[PDB]
Each structure stands twice: as C-alpha cells, then as structure tokens.
Amino acid sequence: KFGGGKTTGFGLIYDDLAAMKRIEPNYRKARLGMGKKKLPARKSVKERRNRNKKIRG
Amino acid sequence: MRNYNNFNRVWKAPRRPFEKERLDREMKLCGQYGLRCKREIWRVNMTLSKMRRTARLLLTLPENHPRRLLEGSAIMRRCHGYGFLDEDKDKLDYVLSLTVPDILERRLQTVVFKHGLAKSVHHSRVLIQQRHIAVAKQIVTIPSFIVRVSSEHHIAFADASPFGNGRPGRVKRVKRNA
Amino acid sequence: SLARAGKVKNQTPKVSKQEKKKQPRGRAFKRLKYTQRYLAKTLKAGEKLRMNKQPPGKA
Amino acid sequence: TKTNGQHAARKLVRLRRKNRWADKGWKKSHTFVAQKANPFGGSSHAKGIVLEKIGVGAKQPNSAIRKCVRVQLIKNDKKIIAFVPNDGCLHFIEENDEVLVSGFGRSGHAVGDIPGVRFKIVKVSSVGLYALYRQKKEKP
Amino acid sequence: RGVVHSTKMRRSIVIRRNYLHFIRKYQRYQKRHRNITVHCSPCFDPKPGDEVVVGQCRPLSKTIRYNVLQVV
RNA sequence: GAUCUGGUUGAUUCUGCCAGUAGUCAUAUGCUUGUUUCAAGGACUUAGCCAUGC
RNA sequence: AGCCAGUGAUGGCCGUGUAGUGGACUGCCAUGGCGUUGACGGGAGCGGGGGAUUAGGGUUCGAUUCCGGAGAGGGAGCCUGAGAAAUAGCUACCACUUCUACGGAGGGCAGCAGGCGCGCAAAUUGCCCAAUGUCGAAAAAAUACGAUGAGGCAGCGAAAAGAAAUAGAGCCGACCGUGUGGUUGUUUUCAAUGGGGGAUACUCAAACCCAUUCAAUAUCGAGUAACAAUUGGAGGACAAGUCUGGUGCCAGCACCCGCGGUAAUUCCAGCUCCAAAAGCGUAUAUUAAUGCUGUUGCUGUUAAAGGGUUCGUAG
Ligand SMILES: [K+]
Ligand SMILES: [K+]
Ligand SMILES: [K+]
Ligand SMILES: [K+]
Ligand SMILES: [K+]
Ligand SMILES: [Mg+2]
Ligand SMILES: [Mg+2]
Ligand SMILES: [Mg+2]
Ligand SMILES: [Mg+2]
Ligand SMILES: [Mg+2]
Ligand SMILES: [Mg+2]
Ligand SMILES: [Mg+2]
Ligand SMILES: [Mg+2]
Ligand SMILES: [Mg+2]
Ligand SMILES: [Mg+2]
Ligand SMILES: [Mg+2]
Ligand SMILES: [Mg+2]
Ligand code: NA
Ligand code: NA
Ligand code: NA
Ligand code: NA
Ligand code: NA
Ligand code: NA
Ligand code: NA
Ligand code: NA
Ligand code: NA
C-alpha cells in the first residue's frame with residue numbers, strides 16, 4: 001500500500017505435499033527450489049524442426 | 001497496439017490571449033492561493049463549466065421529469081458532500097452561482113493552511129508534497145486533493161513523519177553520523 | 001550586388017553578458033511577481049503603476 | 001421572399017450546390033488544379049538543389065536587395081525562387097548544396113515587398129539555418 | 001402497394017411507387033419514386049392507373065420478385 | 001463564452017476583402033528538456049524490390 | 001442527354017447446368033426495359049460503428065485495434081476436402097531474379113523482425129508460452145515437459161494524454177515606498193524532502209519499472225541548494241521601455257499597417273520587463289471566428305447582382 005505499512009496478497013493451502021506437487025504450477029515450485037530443471041532455448045528446438053523436414057527416416 | 005485504455009483532456013487555453021483585465025484577475029488568484037501555473041486555474045474552469053452545463057439542461061427540463069429527479073438529486077449530493085454548497089441551499093439553482101474560489105477553497109493545500117498546521121499557503125504545499133499529512137490515517141501527497149465535508153476533523157500529521165511520531169529526519173540523521 | 005551581405009552584424013562591437021544570481025523558478029517565480037506588483041509598493045487608489053519605467057534620458 | 005415550400009427541398013439543395021462554386025476558398029479545395037500548379041504537391045516542405053544565388057530588389061516605397069537563391073526541386077524538377085532570412089546567412093548556403101524549403105505564409109501568395117517570392121530556406125545540408133545563425137551548430 | 005404503370009408484357013406488369021423523402025438540413029420533403037416489375041396471373045385484369053397489392057416470391061426472372069394479389 | 005480587432009479619406013458614415021486570433025489521438029521541421037503513470041508508431045510516395053532465421 | 005438487342009437487352013414456353021431459384025445457359029416466341037424525381041459517361045474514394053469543432057442549426061475527417069468486403073508481383077485455370085477456384089497448394093504464360101559441373105534445378109515478407117529505394121515523413125535481425133484463445137489421438141503427475149512472431153512481456157519513442165520538483169521558516173544591518181504596518185539585500189541557523197544509491201527484499205514465466213525502507217541489537221546523502229529553465233517578444237492589433245551603444249533607404253526587420261536617407265519607441269547588441277512554462281517557435285492542411293454560402297439566417301435604385309417583353313410544360 002502507498003505510504004503505509006500494509007501489504008496484500010493471495011494464499012493457497014493444500015491438504016498434503018503430494019497434492020501440492022500435482023497441482024502447483026512449475027514456476028511456483030521453482031520459487032521454493034524444487035521444480036523441474038530446465039529446457040533448451042526455444043530457438044534451437046524450432047531450428048531442428050525445420051532441418052528435419054528435409055530428411056526421412 | 002490492440003489496446004483499449006482511455007484518456008482525455010482536463011483543461012483548455014482561453015481565447016483572446018492578452019486581456020489586461022483577465023491577466024490581473026488570474027494573477028491575483030495565483031499569488032494568493034500559491035499556485036504553480038495557470039493550468040491549475042484552467043482546470044477549475046472546465047470542471048465548473050460541466051456542472052453549470054448539466055444544471056442548465058436540467059433546469060430547462062420540467063419539474064417531476066424522471067431524468068430531472070434522479071440527476072438533480074445526484075448533483076446536489078455531490079455538491080453538498082464535497083463542500084461546494086452549504087446544506088441550506090438545495091434548490092439546484094445555487095449550482096450556477098458557484099464561482100472559482102469556491103472550488104479552490106476545498107483544495108488540500110488550502111485546508112491545511114486554514115486548520116493552522118502551516119505558517120503560510122506555500123508552506124502547506126511543501127508539507128503535502130513531502131509526505132507529512134494524513135487525511136484518514138492515509139498519507140496524501142497531492143495538493144489538488146479535494147477534501148470532503150466528512151473528513152476535515154480527521155486531517156492531522158502522519159505517524160511516519162518526523163513531526164509526528166516517526167524517526168528523526170534527514171538533518172538529524174546526518175548530524176548524528178557527523 | 002551581393003558584395004555587402006551581413007555587413008551590419010559584422011560591424012557591431014562585441015559586448016558580453018553579465019553574471020547574475022539565478023531567479024527562483026516554478027511556483028517560487030509566480031510568488032515573486034505577486035509581491036512584486038501587488039505588494040512592496042503602496043501606490044493605492046491610483047492604479048498608476050508602470051511595469052517598466054525608464055530613467056529620463058531623451059537627448 | 002425566397003422559396004418556402006415544405007415540399008421544396010429539391011429546389012433548395014440544387015440552389016446551394018450551384019452557388020457554392022462562387023467563393024474562391026471553397027473552390028480551391030475541390031478542384032485539383034491548385035495542386036498541379038503548386039510546386040509542392042500539397043506538402044508542407046520540399047527538398048531541392050541550389051542552382052545560383054540571386055539578388056532581387058524590393059518594391060517601390062522600400063529600397064533594398066533581398067538575397068534569394070534559385071532552387072531546383074528534386075521530386076519533380078521544378079524551379080522556384082526562395083528567400084534566405086536573417087542577417088548574413090547567405091555565406092552559409094554555397095552552390096550545389098541541398099536545402100529544405102518551406103512556405104512563406106499566406107499559402108502561395110507573395111509576402112512583403114519581395115516581388116513574386118513565396119518560399120523560404122529552412123535547412124542547408126540538413127543542419128538548420130537558424131541554428132547556424134545562433135551558432136548552436138557547425139556546418140558539416 | 002403501388003400503381004400499375006405499364007401492361008405491355010405478357011403475364012407481367014410494371015408498378016410505380018411514390019413516396020416522400022425528408023432532408024434534415026432544410027426540414028422539408030421531396031418526391032421520389034421507384035419502379036418494380038411483377039408477375040400478374042390471368043385471374044386478374046388490371047388497367048393502367050389501378051392499385052395493386054403484391055407479395056414477395058422466389059426469383060421468377062432477372063428482375064421479377066413479386067406477385068399480384070387482390071387488384072383493386 | 002451566443003465577444004471580436006488593424007489596413008481605402010484632409011476628416012466622416014458604408015460595402016468588401018486582405019491581415020490578426022483559438023483549437024486539431026494532425027503531420028513534418030527548429031530550439032530546449034529532472035521524476036512518474038498511460039500510450040500511437042513505413043497508410044500518405046512506390047499494392048516498389050528484397051539477403052538470412054522463424 | 002439519351003442508354004440497352006448481330007454475340008441477352010425486358011418478358012413468355014417446354015428444356016439443360018447448379019446444392020438450389022434465376023436470361024446463369026441452348027432452341028423457339030413477343031417487343032420490350034431505363035431516363036431532367038438526372039439515366040449513360042467522367043473525377044475523387046474500401047463501407048459502417050465513430051473522431052475534431054460546438055449557443056442551436058451545421059462543416060469536416062474516418063488507411064488504422066470491433067463488424068463486413070477484397071487481395072497476396074501482374075492476370076487465368078484446377079485437385080483434395082463438409083467447406084477453397086486456397087498462395088508458407090499445384091499448372092502455364094508476362095516482368096525482374098539465384099545456383100550450376102551448362103545436362104538442369106529453383107524463387108513470391110501488403111505474417112514477424114531486418115535491408116535498398118522513395119520521399120517533408122515513421123522503432124529491436126529481443127524474451128516467453130505465465131495470461132487470453134485455436135488446433136489436436138491432448139486434464140495435471142510421475143521410470144515420462146504438445147506446438148503457436150495469434151498472443152503477451154521488455155528496448156527505441158516530447159504523436160498525443162494524466163500527476164507533478166527547481167525550495168519553507170525565521171534571525172541581524174542596509175533600506176524602498178506608505179503611515180508602522182507586506183516589502184526590497186547582508187549574515188546566519190534549522191529543520192524537511194526527493195533527483196542521485198543500496199536491499200531482509202518485493203514483483204516477474206525470467207529480468208525491468210512502480211509500491212515499501214535508510215534499523216527491527218544493528219543501514220548513505222544540496223547552501224555562491226554548479227542538483228544553475230527555456231522558447232518567443234516589448235509602435236498598433238496585443239501584455240510589456242518616451243533606457244544605452246552601432247549602422248545610415250545600406251545591412252536588415254515586417255504574417256497586415258509600416259521602420260531604416262546621422263537623435264531608428266520597429267534593424268544588430270547590453271540592461272530591464274511581459275506572456276506560458278518542460279515546454280515553446282515555424283510551415284502546410286482543416287474547424288470556429290464567417291449572418292463572407294444564409295433551412296434557422298444574406299444581398300440585388302446608386303456599392304457585385306431583376307432576364308428586353310409576353311406565352312408555357314415538368315415542378
Ligand atoms: K489464388
Ligand atoms: K515486414
Ligand atoms: K533543474
Ligand atoms: K531591442
Ligand atoms: K453579403
Ligand atoms: Mg475608395
Ligand atoms: Mg507503402
Ligand atoms: Mg484507392
Ligand atoms: Mg491509399
Ligand atoms: Mg478487418
Ligand atoms: Mg509469404
Ligand atoms: Mg516522425
Ligand atoms: Mg503568423
Ligand atoms: Mg520613428
Ligand atoms: Mg471555416
Ligand atoms: Mg425589367
Ligand atoms: Mg433575350
Ligand atoms: Na455519485
Ligand atoms: Na499499420
Ligand atoms: Na483470398
Ligand atoms: Na511486393
Ligand atoms: Na505467382
Ligand atoms: Na498459451
Ligand atoms: Na501485446
Ligand atoms: Na456565428
Ligand atoms: Na451595379
């Protein structure tokens with residue numbers, strides 16, 4: 001809040017850790033430090049996709 | 001580019017740029033309310049013109065008209081609550097008699113000086129911009145704030161300010177570190 | 001002909017500007033003017049004020 | 001007086017359409033002949049090349065030389081005469097340079113005591129002639 | 001509704017529609033008209049200058065789109 | 001905000017146009033620019049020509 | 001001022017093609033259809049929802065985010081699909097064009113970002129599927145991550161729009177006017193605050209900007225506030241000098257009237273002042289000024305303007 005000592009946010013409570021892992025979005029788990037590692041840059045993935053359009057098998 | 005925000009204009013320059021009578025009347029208003037530029041006066045001109053224009057249209061309408069009753073009550077509710085018109089005047093015809101200083105009387109820079117928290121009309125603006133005034137325990141730092149009728153007694157210093165119950169200010173802190 | 005162009009601007013002697021304290025700006029400027037003409041002078045009920053009156057020197 | 005019909009809107013519409021061609025202001029905006037004769041194809045400014053520097057005399061009550069230049073436009077290769085303002089300011093022009101030319105005011109009418117000149121020089125070598133005059137910039 | 005204008009065709013007539021158009025600027029009217037060709041069955045027998053009522057149909061020709069009911 | 005002013009005569013009262021004046025999510029150019037919020041951005045001329053990647 | 005008919009123009013009759021009606025089309029028959037209430041031809045132009053200006057009536061703009069239509073260098077044909085006469089589908093011709101071993105093979109940015117040219121004139125060869133949606137044999141989770149320059153996010157950006165700093169209180173002399181009360185510099189304290197910089201950190205899909213905060217034992221900082229406001233003007237219209245030097249119908253100003261020929265209220269400068277201010281000049285177009293396009297609401301004896309006189313049809 002402007003010029004004050006107040007702050008407002010949203011909150012979720014899950015019944016157990018198993019349900020939290022299943023439903024929580026990945027970037028929110030990564031904030032804690034326990035999400036999936038990483039994926040390669042999107043540019044390279046679409047680069048190979050067109051390259052493999054010239055070849056069979 | 002595919003946006004749907006809105007915006008508009010709030011003031012308007014006057015025709016006849018140099019009339020000695022209008023030049024002096026406006027200068028008198030500025031140096032006595034401590035305004036920064038003539039645009040602040042010309043804002044009040046248009047907001048005044050809008051209430052006058054809608055009152056004129058309503059007054060032309062016959063009494064008991066459904067549009068007249070609903071809008072007529074609404075404009076008086078706003079005018080009374082904001083402090084433009086005293087509670088005895090209620091006929092909707094006292095709207096047109098509103099003048100510029102009547103609106104400029106409700107400005108937060110003015111009301112701070114009237115309550116005596118400041119030693120002048122320019123001292124009060126400095127205080128407002130430097131986060132010292134709280135209206136309803138909420139810090140307000142915009143001189144053009146128009147004080148409602150139900151909020152004059154709640155105006156006071158802010159807790160976070162050094163003049164309130166806050167920490168010592170910049171001069172004290174740098175003197176201690178000296 | 002075009003032989004004489006810019007003759008006067010090249011003939012006038014050079015003179016440098018003076019050094020002065022900066023005037024107040026913003027809301028402080030409008031405050032200065034309001035006391036410059038509406039206060040600080042007791043000419044009342046005459047309205048005979050001249051914003052820029054020069055010393056008599058008409059030779 | 002005139003026609004007062006309640007069923008005579010056709011006559012009143014025809015009258016206004018025919019009689020609207022009689023004012024030079026309204027006719028100039030609906031006729032397309034002005035744009036063709038105007039060296040700027042209906043544009044605020046135009047770019048050209050300096051051909052030579054000329055000096056034109058002033059009209060009768062006055063007496064001076066007005067220091068113009070002859071400019072050939074680029075977009076359509078038309079030749080015009082333009083006036084270079086302010087004291088000096090001819091030494092900043094030179095020959096074969098490239099200039100930006102604007103109107104003089106009055107929208108094609110000649111201005112002042114200069115006979116038949118309706119254009120002024122604004123930029124020379126894309127720097128700005130007034131900026132050069134005030135020494136805020138140096139010629140490239 | 002309209003006024004029968006021409007009956008030179010075979011099993012076909014032309015009807016004229018007269019109306020008035022209002023121009024906002026001059027607060028006045030002006031006569032207009034439109035011509036419409038219709039099919040007329042041999043049960044009826046209209047002369048030029050009568051009034052007819054016509055109802056829509058499916059395209060019966062390049063231009064014909066209406067049919068004649070209750071000549072009067 | 002339902003407003004006008006300078007130029008024809010030795011002076012006057014007119015018709016009448018030139019010039020002044022205020023805007024424009026209206027374009028461009030000149031000079032000058034501390035903070036913040038919201039924002040249009042190769043239509044205008046050439047539906048002209050296009051390397052490379054998606 | 002006339003338009004339409006060999007070779008379809010307006011209608012009729014059985015037919016054929018289409019998904020279907022139809023002159024859409026074949027054969028035969030009739031002579032019709034449109035037009036001064038402006039047809040036919042020519043010019044400018046994508047429609048609309050809407051923007052600007054606003055006593056009222058109006059004038060003007062609308063390529064552009066929503067809806068509709070059309071196109072994919074130029075122009076024609078067609079396969080597959082329920083649906084295309086599709087351009088990141090195919091075939092050919094016309095204009096420019098790439099590689100080659102000279103036998104041949106290709107190319108279509110008015111999609112995204114970028115280059116040349118054109119011009120008075122317009123941004124990065126960025127990140128991401130987190131949100132909004134479409135497609136799909138798909139909910140999310142694992143021994144197991146759908147694509148998506150549609151879309152969103154940040155860089156450049158005084159088109160334009162909304163808030164808003166560049167200082168506030170006093171002290172002591174010197175004063176200025178007026179009649180003892182604002183005031184104009186000279187010395188000098190005394191607080192306050194943000195441009196500036198840094199996180200326990202918030203945001204974020206990740207970074208940025210806002211919003212918090214200079215201890216919570218425990219956290220940097222204006223005083224010739226060098227943290228220094230500009231752009232146009234001072235004869236009139238139009239606010240503001242009968243100031244001081246230079247030039248001498250020259251140089252120049254001047255939107256209009258005008259200024260300059262030795263005392264320039266107008267040029268080139270210094271000093272003051274005025275307007276409005278992070279803004280302000282100039283050019284072009286357009287709206288109001290304009291009762292100078294007049295329906296509301298003009299003028300026609302002499303200023304521009306009543307036909308030479310009668311008859312007369314549409315209106
Ligand atoms: K095609
Ligand atoms: K592009
Ligand atoms: K500053
Ligand atoms: K001067
Ligand atoms: K008239
Ligand atoms: Mg005369
Ligand atoms: Mg283009
Ligand atoms: Mg077009
Ligand atoms: Mg176009
Ligand atoms: Mg569309
Ligand atoms: Mg393409
Ligand atoms: Mg630009
Ligand atoms: Mg001008
Ligand atoms: Mg004189
Ligand atoms: Mg107009
Ligand atoms: Mg007669
Ligand atoms: Mg005759
Ligand atoms: Na309300
Ligand atoms: Na565009
Ligand atoms: Na298409
Ligand atoms: Na192209
Ligand atoms: Na092609
Ligand atoms: Na998505
Ligand atoms: Na976006
Ligand atoms: Na008027
Ligand atoms: Na006459």
# chains A, B, ... in the order shown; residues from 1 in each chain; ligands from 1
>>> select_by_dssp(residues="region 1-35 of chain D", states="alpha helix (DSSP H)", output="PyMOL selection string")
chain D and resi 9-19+24-28+33-35
>>> residues_near_ligand(ligand="ligand 14", cutoff="10 Å", atoms="only C-alpha atoms (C1' of nucleotides) and all ligand atoms", output="VMD selection string")
chain G and resid 235 259 to 260 264 to 266
>>> interface_residues(of="chain B", to="chain G", cutoff="10 Å", atoms="only C-alpha atoms (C1' of nucleotides)", output="mmCIF file with N, CA and C atoms, in the first residue's frame")
data_model
loop_
_atom_site.group_PDB
_atom_site.id
_atom_site.type_symbol
_atom_site.label_atom_id
_atom_site.label_comp_id
_atom_site.auth_asym_id
_atom_site.auth_seq_id
_atom_site.Cartn_x
_atom_site.Cartn_y
_atom_site.Cartn_z
ATOM 1 N N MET B 1 -0.873 -2.149 -29.225
ATOM 2 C CA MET B 1 -1.445 -1.700 -30.485
ATOM 3 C C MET B 1 -2.922 -2.059 -30.540
ATOM 4 N N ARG B 2 -3.269 -3.240 -30.041
ATOM 5 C CA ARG B 2 -4.668 -3.636 -29.890
ATOM 6 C C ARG B 2 -5.182 -3.308 -28.489
ATOM 7 N N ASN B 3 -4.995 -2.060 -28.079
ATOM 8 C CA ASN B 3 -5.247 -1.610 -26.719
ATOM 9 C C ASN B 3 -6.640 -1.002 -26.590
ATOM 10 N N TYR B 4 -7.163 -1.021 -25.365
ATOM 11 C CA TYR B 4 -8.481 -0.465 -25.089
ATOM 12 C C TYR B 4 -8.462 0.358 -23.809
ATOM 13 N N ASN B 6 -8.270 4.250 -22.065
ATOM 14 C CA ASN B 6 -8.890 5.524 -22.398
ATOM 15 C C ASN B 6 -8.099 6.672 -21.796
ATOM 16 N N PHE B 7 -8.260 7.845 -22.400
ATOM 17 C CA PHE B 7 -7.654 9.062 -21.883
ATOM 18 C C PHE B 7 -8.390 10.256 -22.472
ATOM 19 N N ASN B 8 -8.216 11.409 -21.833
ATOM 20 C CA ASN B 8 -8.914 12.627 -22.225
ATOM 21 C C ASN B 8 -8.106 13.826 -21.744
ATOM 22 N N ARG B 9 -8.675 15.016 -21.902
ATOM 23 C CA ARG B 9 -8.044 16.267 -21.508
ATOM 24 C C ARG B 9 -8.853 16.915 -20.392
ATOM 25 N N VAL B 10 -8.174 17.678 -19.540
ATOM 26 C CA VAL B 10 -8.822 18.269 -18.378
ATOM 27 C C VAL B 10 -8.860 19.788 -18.414
ATOM 28 N N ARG B 16 -8.494 35.005 -26.878
ATOM 29 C CA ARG B 16 -8.034 36.350 -26.556
ATOM 30 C C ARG B 16 -6.881 36.268 -25.568
ATOM 31 N N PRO B 17 -5.691 35.886 -26.028
ATOM 32 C CA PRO B 17 -4.602 35.581 -25.092
ATOM 33 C C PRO B 17 -4.240 36.709 -24.146
ATOM 34 N N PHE B 18 -4.376 37.969 -24.552
ATOM 35 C CA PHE B 18 -3.878 39.091 -23.754
ATOM 36 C C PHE B 18 -4.975 40.119 -23.514
ATOM 37 N N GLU B 19 -5.764 39.908 -22.468
ATOM 38 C CA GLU B 19 -6.671 40.918 -21.949
ATOM 39 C C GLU B 19 -6.180 41.339 -20.575
ATOM 40 N N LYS B 20 -5.917 42.634 -20.409
ATOM 41 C CA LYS B 20 -5.308 43.108 -19.173
ATOM 42 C C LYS B 20 -6.190 42.826 -17.967
ATOM 43 N N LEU B 23 -5.795 39.033 -17.219
ATOM 44 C CA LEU B 23 -4.434 38.763 -16.773
ATOM 45 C C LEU B 23 -4.275 39.072 -15.293
ATOM 46 N N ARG B 36 1.091 27.008 -9.020
ATOM 47 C CA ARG B 36 2.315 26.859 -9.802
ATOM 48 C C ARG B 36 2.205 27.419 -11.213
ATOM 49 N N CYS B 37 1.098 27.163 -11.901
ATOM 50 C CA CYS B 37 0.951 27.582 -13.285
ATOM 51 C C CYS B 37 -0.520 27.840 -13.569
ATOM 52 N N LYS B 38 -0.776 28.585 -14.643
ATOM 53 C CA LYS B 38 -2.146 28.953 -14.975
ATOM 54 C C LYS B 38 -3.008 27.753 -15.335
ATOM 55 N N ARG B 39 -2.400 26.612 -15.659
ATOM 56 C CA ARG B 39 -3.183 25.428 -15.992
ATOM 57 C C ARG B 39 -4.031 24.963 -14.817
ATOM 58 N N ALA B 118 0.132 25.038 9.087
ATOM 59 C CA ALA B 118 1.186 25.668 8.310
ATOM 60 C C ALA B 118 1.194 27.165 8.578
ATOM 61 N N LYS B 119 2.349 27.783 8.339
ATOM 62 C CA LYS B 119 2.537 29.206 8.584
ATOM 63 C C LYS B 119 2.214 30.075 7.377
ATOM 64 N N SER B 120 1.859 29.479 6.244
ATOM 65 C CA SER B 120 1.543 30.224 5.031
ATOM 66 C C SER B 120 0.783 29.293 4.095
ATOM 67 N N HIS B 122 2.162 28.615 0.990
ATOM 68 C CA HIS B 122 3.230 27.895 0.313
ATOM 69 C C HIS B 122 3.934 26.904 1.220
ATOM 70 N N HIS B 123 3.972 27.186 2.520
ATOM 71 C CA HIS B 123 4.465 26.209 3.479
ATOM 72 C C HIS B 123 3.624 24.944 3.440
ATOM 73 N N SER B 124 2.308 25.090 3.283
ATOM 74 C CA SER B 124 1.427 23.929 3.310
ATOM 75 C C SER B 124 1.653 23.024 2.104
ATOM 76 N N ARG B 125 1.928 23.603 0.934
ATOM 77 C CA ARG B 125 2.193 22.778 -0.241
ATOM 78 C C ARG B 125 3.472 21.973 -0.071
ATOM 79 N N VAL B 126 4.512 22.592 0.488
ATOM 80 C CA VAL B 126 5.762 21.879 0.730
ATOM 81 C C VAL B 126 5.522 20.704 1.669
ATOM 82 N N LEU B 127 4.735 20.928 2.721
ATOM 83 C CA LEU B 127 4.438 19.860 3.667
ATOM 84 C C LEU B 127 3.693 18.717 2.998
ATOM 85 N N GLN B 129 3.667 17.758 -0.208
ATOM 86 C CA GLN B 129 4.479 17.002 -1.152
ATOM 87 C C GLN B 129 5.541 16.155 -0.467
ATOM 88 N N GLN B 130 5.872 16.446 0.792
ATOM 89 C CA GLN B 130 6.948 15.761 1.495
ATOM 90 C C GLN B 130 6.437 14.717 2.481
ATOM 91 N N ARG B 131 5.214 14.225 2.272
ATOM 92 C CA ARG B 131 4.677 13.064 2.987
ATOM 93 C C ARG B 131 4.533 13.326 4.486
ATOM 94 N N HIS B 132 3.842 14.410 4.845
ATOM 95 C CA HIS B 132 3.621 14.756 6.242
ATOM 96 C C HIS B 132 2.159 14.745 6.655
ATOM 97 N N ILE B 142 -0.794 15.009 -2.624
ATOM 98 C CA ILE B 142 -1.220 15.658 -3.859
ATOM 99 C C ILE B 142 -2.018 16.904 -3.498
ATOM 100 N N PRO B 143 -1.482 18.102 -3.748
ATOM 101 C CA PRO B 143 -2.189 19.323 -3.330
ATOM 102 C C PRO B 143 -3.586 19.453 -3.903
ATOM 103 N N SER B 144 -3.817 18.990 -5.111
ATOM 104 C CA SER B 144 -5.140 19.123 -5.707
ATOM 105 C C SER B 144 -6.184 18.215 -5.073
ATOM 106 N N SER B 161 5.959 10.646 9.703
ATOM 107 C CA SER B 161 6.677 11.900 9.588
ATOM 108 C C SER B 161 7.454 12.192 10.869
ATOM 109 N N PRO B 162 8.619 12.835 10.756
ATOM 110 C CA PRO B 162 9.344 13.249 11.967
ATOM 111 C C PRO B 162 8.563 14.213 12.837
ATOM 112 N N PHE B 163 7.734 15.071 12.242
ATOM 113 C CA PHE B 163 6.893 15.960 13.032
ATOM 114 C C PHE B 163 5.816 15.202 13.792
ATOM 115 N N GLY B 169 14.481 13.070 11.060
ATOM 116 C CA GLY B 169 14.587 13.276 9.633
ATOM 117 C C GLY B 169 16.021 13.356 9.144
ATOM 118 N N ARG B 170 16.160 13.867 7.917
ATOM 119 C CA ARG B 170 17.447 13.830 7.227
ATOM 120 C C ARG B 170 18.501 14.667 7.939
ATOM 121 N N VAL B 171 18.138 15.866 8.396
ATOM 122 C CA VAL B 171 19.126 16.737 9.028
ATOM 123 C C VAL B 171 19.642 16.108 10.315
ATOM 124 N N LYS B 172 18.734 15.577 11.136
ATOM 125 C CA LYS B 172 19.146 14.962 12.395
ATOM 126 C C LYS B 172 20.026 13.744 12.156
ATOM 127 N N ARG B 173 19.661 12.908 11.183
ATOM 128 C CA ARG B 173 20.410 11.680 10.945
ATOM 129 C C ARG B 173 21.830 11.971 10.472
ATOM 130 N N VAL B 174 21.996 12.935 9.563
ATOM 131 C CA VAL B 174 23.334 13.219 9.053
ATOM 132 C C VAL B 174 24.161 13.967 10.087
#
>>> interface_residues(of="chain E", to="chain D", cutoff="9 Å", atoms="only C-alpha atoms", output="MDAnalysis selection string")
chainID E and resid 20 22:23 26:31
>>> residues_around(residues="region 65-67 of chain D", least_positions_apart="6", cutoff="12 Å", atoms="only C-alpha atoms (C1' of nucleotides)", output="number ranges by chain")
C: 1-6; D: 52-59, 81-91, 93, 112-117, 120-121; G: 249-253
>>> closest_atom_pairs(of="chain G", to="chain D", cutoff="7 Å", atoms="only C-alpha atoms (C1' of nucleotides)", output="CSV")
residue,atom,partner,partner_atom,distance
G:120,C1',D:45,CA,5.1
G:249,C1',D:63,CA,5.5
G:252,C1',D:87,CA,6.1
G:255,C1',D:105,CA,6.6
G:283,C1',D:44,CA,5.6
G:284,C1',D:44,CA,4.0
G:293,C1',D:20,CA,6.1
>>> decode(residues="region 220-253 of chain G", atoms="C-alpha atoms (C1' of nucleotides)", output="PDB file, in the first residue's frame")
ATOM      1  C1'   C G 220      24.126   6.809   2.530  1.00  0.00           C
ATOM      2  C1'   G G 221      23.389  11.655   1.167  1.00  0.00           C
ATOM      3  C1'   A G 222      22.169  20.103  -1.685  1.00  0.00           C
ATOM      4  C1'   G G 223      23.745  26.051   0.837  1.00  0.00           C
ATOM      5  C1'   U G 224      27.512  31.119  -4.135  1.00  0.00           C
ATOM      6  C1'   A G 225      20.721  24.163  -2.980  1.00  0.00           C
ATOM      7  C1'   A G 226      27.475  24.372 -10.000  1.00  0.00           C
ATOM      8  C1'   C G 227      21.208  19.403  -8.441  1.00  0.00           C
ATOM      9  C1'   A G 228      22.195  26.595 -12.124  1.00  0.00           C
ATOM     10  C1'   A G 229      14.554  26.775 -17.325  1.00  0.00           C
ATOM     11  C1'   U G 230      13.791  27.554 -21.820  1.00  0.00           C
ATOM     12  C1'   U G 231      11.291  29.471 -26.196  1.00  0.00           C
ATOM     13  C1'   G G 232       9.401  33.656 -28.201  1.00  0.00           C
ATOM     14  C1'   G G 233       8.516  39.135 -27.826  1.00  0.00           C
ATOM     15  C1'   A G 234       8.360  44.971 -25.695  1.00  0.00           C
ATOM     16  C1'   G G 235       4.942  51.315 -32.240  1.00  0.00           C
ATOM     17  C1'   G G 236      -0.558  49.259 -33.283  1.00  0.00           C
ATOM     18  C1'   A G 237      -3.810  44.890 -33.493  1.00  0.00           C
ATOM     19  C1'   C G 238      -1.632  42.672 -28.365  1.00  0.00           C
ATOM     20  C1'   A G 239       0.806  42.189 -22.260  1.00  0.00           C
ATOM     21  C1'   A G 240       5.469  44.598 -21.913  1.00  0.00           C
ATOM     22  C1'   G G 241      10.988  50.773 -22.346  1.00  0.00           C
ATOM     23  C1'   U G 242       9.401  58.007 -24.477  1.00  0.00           C
ATOM     24  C1'   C G 243      16.826  53.233 -21.430  1.00  0.00           C
ATOM     25  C1'   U G 244      22.260  52.911 -23.602  1.00  0.00           C
ATOM     26  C1'   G G 245      25.814  51.921 -27.779  1.00  0.00           C
ATOM     27  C1'   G G 246      26.445  50.613 -33.617  1.00  0.00           C
ATOM     28  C1'   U G 247      24.619  51.275 -38.838  1.00  0.00           C
ATOM     29  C1'   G G 248      22.911  55.403 -42.135  1.00  0.00           C
ATOM     30  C1'   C G 249      16.938  53.713 -47.854  1.00  0.00           C
ATOM     31  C1'   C G 250      22.941  50.046 -46.684  1.00  0.00           C
ATOM     32  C1'   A G 251      22.675  45.760 -43.856  1.00  0.00           C
ATOM     33  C1'   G G 252      18.101  44.023 -42.223  1.00  0.00           C
ATOM     34  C1'   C G 253      13.019  43.649 -39.874  1.00  0.00           C
TER      35        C G 253
END
